């Protein structure tokens, strides 16, 4: 999948190894090779959650399949856990948007994933 995290937590507070941990945990959680996983972390953002500028995160996870009720709840537990532990963001100040992408709507390497 592609996972993006936007947060008002300062860049200095993002630990060494964070992108690599996200990559590995996402591979494990989805049962996919890490070569497919893209991660993007955007600190120092001007944002508010519930009208408060305390630490928060707005996130997106895109995947061709592997998106659904139980799976998404599991991703949320995993990702909120990591954001709490590594960035000290409270899970109730995190939103994650999940997108189930069609293969034909995902570009890569000069084409898309619809080759049929």
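Residue numbers count along the first chain shown, from 1.
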Avg C-alpha B-factor, entry values, 7-15 vs 21-29, higher side is 7-15
Going by the entry, of stretches 33-41 and 47-55 the one with greater average Cα B-factor is 47-55
Entry-reported C-alpha B-factor of residue 70 relative to its chain, by third, is middle
Chain-relative C-alpha B factor for residue 78 (record values, thirds): the middle
So, residue 64's CA B-factor, relative to its chain, sits in which third? The lowest
